[PDB]
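>>> Please work out how this folds:
(chains A, B and C)
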Amino acid sequence: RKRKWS
Amino acid sequence: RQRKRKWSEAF
Amino acid sequence: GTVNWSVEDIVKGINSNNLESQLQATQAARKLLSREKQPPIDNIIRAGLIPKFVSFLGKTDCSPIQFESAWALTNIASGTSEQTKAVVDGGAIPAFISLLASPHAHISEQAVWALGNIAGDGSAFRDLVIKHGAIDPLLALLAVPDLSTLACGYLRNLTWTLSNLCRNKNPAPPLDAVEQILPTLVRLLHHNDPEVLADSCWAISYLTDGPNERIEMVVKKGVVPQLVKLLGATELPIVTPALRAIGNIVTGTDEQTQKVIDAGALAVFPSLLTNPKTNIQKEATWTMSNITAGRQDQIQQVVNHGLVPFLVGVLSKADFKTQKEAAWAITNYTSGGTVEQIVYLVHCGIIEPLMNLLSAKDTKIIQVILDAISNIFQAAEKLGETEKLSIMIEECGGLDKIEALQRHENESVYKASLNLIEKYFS
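Numbering: from 1, shown residues only, chains lettered A, B, ... in the order given. Sure, structure below:
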């Protein structure tokens, strides 16, 4: 799992 | 059938 | 101001010899890389902007450009493996580890976020993050008397990054890295935030998925009662990894499996085995199958908790995957059970649902069910009650299914079905 910051 | 199954053995 | 800039304008601003122009262009790149629909990540990489962003991470004198370049790089690192490799190849790992000690909590959090995305890519990047020394400064950010004083989002990001350092196999994380993280992980498992609890459980589920030596490291920390408590939580994002962790521990030794039973885990299974989420039901039945693969006294605890009618239930009606796991639980139970325990399984009505599943187009399940039939017949042989069981299988149309399996494509099915017909139905 990777995660973007909006 | 007698033995333990780890996550990858079952799924 | 810094909204909807072209890549060309971002490059022109970053290549200027003006720190403020570079800051405005870096913020513009961050906003571009933050948009919901198709961020131009590959366009930013092709423009050669990753080495510029990495150098901006070191500008201690300008904290806003550190934040903007950390955020821009986190958006790239959160992309594909190739996009994460581009961040790593630009030398971002040591630059992000240096930002963990930043006096600006928003910059430090961005570095935590970036390292989580890099470690999360796989085994090699996880171990590279560890080799560059990220664990000590990450653990120091959680070295506080009470976790409740930390900002909620900051703690959630730290927990998530630590779980990615516990994640993946081939190889599993280094033993000493696991030993270092575990005391902080045990602490996060007793925290009150549901997201922190979910990610702490996922971390424990990754650490318990492997050889029994890996399970022992975790079980030795006394987390099993806390995992059982979280197994009874109302939040599905907590129950899913908590059940995965409990399921992984019962794949271990009889002694490790006993720690799960002693903590009162079996009392949660009437609801888990009837859970509306099919994956909970499937993994709960997989967990049951490994417990029925245990000692006769462990099989007895399954009986005492009234869980055999719940196994008859999932075998009778569930998604096929859960039914296949129920078949396993029955075969394991009949393999290691006493005559009295096997007799009890029949009195709970296991025969009819077991026979109905011989119609499945799955070779493995058929072999599993046929072995259980044989096992049950062996217990009936010890009591001279083989005729009573033969009539039972005949009456529910089980004989018609076994006789038809005497012409099955698979060799093991063919031989096992011919054996039962010749021994108890001829």
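
>>> Only C-alpha atoms from now on, for both contacts and neighbour counts.
Noted.

>>> Name the nearest residue to the residue in the stretch 151-300 of chain C that chain A sits nearest to, sequence neighbours excluded.
Using C-alpha to the nearest C-alpha, the single residue of the stretch 151-300 of chain C nearest to chain A is residue C:164, 7.7 Å away. Nearest residue to residue C:164, sequence neighbours excluded (C-alpha to C-alpha, 6 or more residues apart in numbering or on different chains): residue C:120, at 5.0 Å.

>>> need the contact list for whichever residue of the stretch 101-250 of chain C sits closest to chain B.
Of all residues in the stretch 101-250 of chain C, the one sitting closest to chain B is residue C:248 (6.8 Å; C-alpha to the nearest C-alpha). Contacts for residue C:248 (C-alpha atoms under 8 Å, 6 or more residues apart in numbering or on different chains) come out as B:6, B:7, C:205, C:208, C:209, C:215, C:287.

>>> Make a ChimeraX selection of the buried ones in these.
Applying 16 or more other C-alpha atoms under 10 Å in any protein chain shown to the contacts of residue C:248, the buried members can be selected in ChimeraX as follows:
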select /B:6,7 /C:205,208,209,215,287
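
>>> separation between the residue of the stretch 101-250 of chain C closest to chain B and residue C:105?
In this structure, residue C:248 and residue C:105 are 36 Å apart, going by C-alpha to C-alpha, to the nearest Å.

>>> Residue C:204 touches residue C:219, doesn't it?
No: under the contact definition of C-alpha atoms under 8 Å, residue C:204 does not touch residue C:219, with a separation of 9.9 Å.

>>> More neighbours: the two, which one.
residue C:204 (29 against 19; other C-alpha atoms under 10 Å in any protein chain shown).

>>> which outside residues touch the helix or strand encompassing that one?
With the criterion set as DSSP states H and E, the secondary-structure element containing residue C:204 is helix C:194-207. Helix C:194-207 has contacts (C-alpha under 8 Å, 6+ apart) with C:155-156, C:159-160, C:162-164, C:166-168, C:178, C:185, C:188-191, C:214-215, C:218, C:227, C:235, C:237-239, C:241-242, C:244-246, C:248.

>>> mind listing the helices in the stretch 101-250 of chain C by residue range?
C:105-119, C:123-131, C:135-140, C:152-164, C:175-188, C:194-207, C:212-219, C:224-231, C:236-249 (DSSP state H, counting those that start in this stretch).

>>> among these, which is nearest residue C:413?
Each of the helices of the stretch 101-250 of chain C has some distance to residue C:413 by C-alpha to C-alpha; the shortest is helix C:236-249, at 29.3 Å.

>>> Dump the closest one to PDB, restricted to CA.
Presented in PDB, the C-alpha positions along helix C:236-249 are these (Å, rounded to 0.1, in the frame of the first residue of the first chain):
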ATOM      1  CA  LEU C 236     -14.700  -3.900  10.300                       C
ATOM      2  CA  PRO C 237     -11.300  -2.100   9.500                       C
ATOM      3  CA  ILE C 238     -10.100  -3.300  13.000                       C
ATOM      4  CA  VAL C 239     -11.800  -6.800  13.000                       C
ATOM      5  CA  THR C 240     -10.300  -7.700   9.500                       C
ATOM      6  CA  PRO C 241      -6.500  -7.400  10.400                       C
ATOM      7  CA  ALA C 242      -7.200  -8.600  14.000                       C
ATOM      8  CA  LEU C 243      -8.800 -11.800  12.600                       C
ATOM      9  CA  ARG C 244      -5.900 -12.200  10.100                       C
ATOM     10  CA  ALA C 245      -3.300 -11.900  13.000                       C
ATOM     11  CA  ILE C 246      -5.300 -14.500  15.200                       C
ATOM     12  CA  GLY C 247      -5.600 -16.800  12.100                       C
ATOM     13  CA  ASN C 248      -1.800 -16.500  11.400                       C
ATOM     14  CA  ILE C 249      -0.900 -17.300  15.100                       C
END
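
>>> quick one: that helix to chain centroid distance?
Mean-position distance between helix C:236-249 and its chain equals 7 Å (C-alpha atoms, centre = their mean, to the nearest Å).

>>> Which SSE is immediately downstream of it?
Following helix C:236-249 in sequence order, the next helix or strand is helix C:254-262 (DSSP H and E).

>>> Spell out which parts of chain C neighbour chain B.
Proximity of chain C to chain B is confined to C:209-210, C:248, C:251-252, C:286, C:289-290, C:293, C:325, C:328, C:331-333, C:335-336, C:368, C:371-372 under the rule C-alpha under 8 Å from any C-alpha of the partner chain.

>>> Which pair in the contacts of residue C:248 has the greatest spatial separation?
For the contacts of residue C:248, and using C-alpha to C-alpha, no pair is farther apart than C:215 and C:287, which are 14.9 Å apart.

>>> And the residue nearest to residue C:2 when sequence neighbours are not counted, how close does it get to chain A?
On the basis of C-alpha to C-alpha, 6+ apart, the spatially nearest residue to residue C:2 that is not a chain neighbour turns out to be residue C:28, at 4.5 Å. Separation of residue C:28 from chain A (C-alpha to the nearest C-alpha, to the nearest Å): 14 Å.
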